[PDB]
Amino acid sequence: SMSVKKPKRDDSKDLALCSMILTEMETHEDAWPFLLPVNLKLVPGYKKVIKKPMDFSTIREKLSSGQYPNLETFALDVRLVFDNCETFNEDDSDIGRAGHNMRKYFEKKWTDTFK
């Protein structure tokens with residue numbers, strides 16, 4: 001509360017470490033469905049159904065231009081990418097499986113890096 005603060009967590013490396021995690025996600029073989037924004041002209045249903053589209057290129061541009069105020073807002077956009085994928089794709093499809101694999105990959109790096 002006012003003039004009563006918890007001890008300061010060192011957050012000075014967070015930017016660098018989220019960039020590294022994002023590089024590792026970008027270079028995973030199963031990243032291909034997630035590298036670029038879904039083309040809303042060419043994919044029926046996507047625009048109406050997926051209210052907040054997100055992809056790795058968009059996260060990378062946000063990261064590089066100071067649009068994440070902290071590491072939790074970064075993790076929210078990454079998870080959004082997988083949550084969108086589960087909303088639109090059957091679990092037993094190539095893209096559906098890619099999305100489960102990538103989420104697992106991400107969550108491990110996240111835990112090992114920060115928790």
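In what follows, every heavy atom counts, from backbone to side chain, and hydrogens, waters and symmetry copies are set aside. Count residues from 1 along the sequence.
- Both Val78 and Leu15 belong to a single network of hydrophobic side chains, linked directly or stepwise wherever heavy atoms of I, L, V, M, F, W or Y lie under 4.5 Å apart.
- The CZ atom of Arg9 lies 13.0 Å from the NZ atom of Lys6; values are rounded to the nearest 0.5 Å.
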Show me the side-chain donor-acceptor pairs of residues 16-25 shorter than 3.5 Å, one per line, residues at least two apart or across chains.
unit_1, atom_1, unit_2, atom_2, d
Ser19, OG, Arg60, NH1, 2.9
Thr23, OG1, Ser19, O, 3.1
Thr23, OG1, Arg60, NH2, 2.9
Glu24, OE1, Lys109, NZ, 3.2

Between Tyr68 and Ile59, is a side chain to side chain contact (heavy atoms under 4.5 Å, CB included) present by the stated rule, with each step listed? CA-CA 9 Å; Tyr68 295 116; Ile59 298 170; 3.5 Å; yes
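- The NZ atom of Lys108 sits 3.5 Å away from the CG atom of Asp112 when rounded to the nearest 0.5 Å.
- Nearest approach of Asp14 to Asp10, heavy atoms of both residues: OD1-O, 4.4 Å.
- We find that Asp30 and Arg97 are not joined by a salt bridge, their nearest charged nitrogen and carboxylate oxygen being 4.0 Å or further apart.
- Note on ring orientation: taking the six-membered ring where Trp is involved, the planes of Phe34 and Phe82 are perpendicular (angle over 60°, cut-offs 30° and 60°).
- The distance from atom NE2 of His100 to atom CD of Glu86, rounded to the nearest 0.5 Å, is 4.5 Å.
- In this structure a side-chain-to-backbone donor-acceptor pair under 3.5 Å is present from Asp55 to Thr58.
- No continuous path of hydrophobic side-chain contacts links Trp32 to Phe56 [ILVMFWY only; heavy atoms under 4.5 Å].
- Hydrophobic cluster membership differs between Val38 and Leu36, with clusters built from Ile, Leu, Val, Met, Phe, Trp and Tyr side chains linked at under 4.5 angstrom.
- Side-chain atoms of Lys47 never come within 3.5 Å of backbone atoms of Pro44 as a donor-acceptor pair (strictly under, hydrogens ignored).
- Between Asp77 and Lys62 there is a salt bridge, since a side-chain N of the basic residue sits under 4.0 Å from a carboxylate O of the acidic one.
- Between the CG atom of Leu76 and the CE atom of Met54 there is a distance of 10.5 Å, given to the nearest 0.5 Å.
- Heavy-atom minimum distance, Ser1 versus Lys5: O-NZ, 3.2 Å.
- Between the side chain of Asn101 and the main chain of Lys104, no donor-acceptor pair closer than 3.5 Å is present.
- The two residues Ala98 and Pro33 make their nearest non-hydrogen contact at CB-CG, 4.0 Å.
- Residues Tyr105 and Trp110 have side chains not in contact (no heavy-atom distance under 4.5 Å, counting atoms from C-beta outward).
- Heavy atoms from other residues, nucleotides or ligands lying under 6.0 Å from CG of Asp92 number 12 at most.
- Using a 4.5 Å heavy-atom cutoff, the side chains of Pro53 and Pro37 are not in contact.
- If you chain together hydrophobic residues whose side chains sit under 4.5 Å apart, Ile50 and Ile95 never meet in one group.
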Let's go through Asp83 and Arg103 carefully: what are the C-alpha distance in whole Å and the side-chain angles of both, what is the deciding distance for side chain to side chain contact (heavy atoms under 4.5 Å, CB included) to 0.1 Å, and is it a yes or a no? CA-CA 9 Å; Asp83 291 349; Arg103 182 193 297 276; 2.7 Å; yes
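- Linking ILVMFWY side-chain heavy atoms closer than 4.5 Å, directly or via other members, places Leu80 and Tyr46 in two distinct hydrophobic clusters.
- Looking only at atom types and distance, the side chain of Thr87 has no donor-acceptor partner in the side chain of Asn84 under 3.5 Å away.
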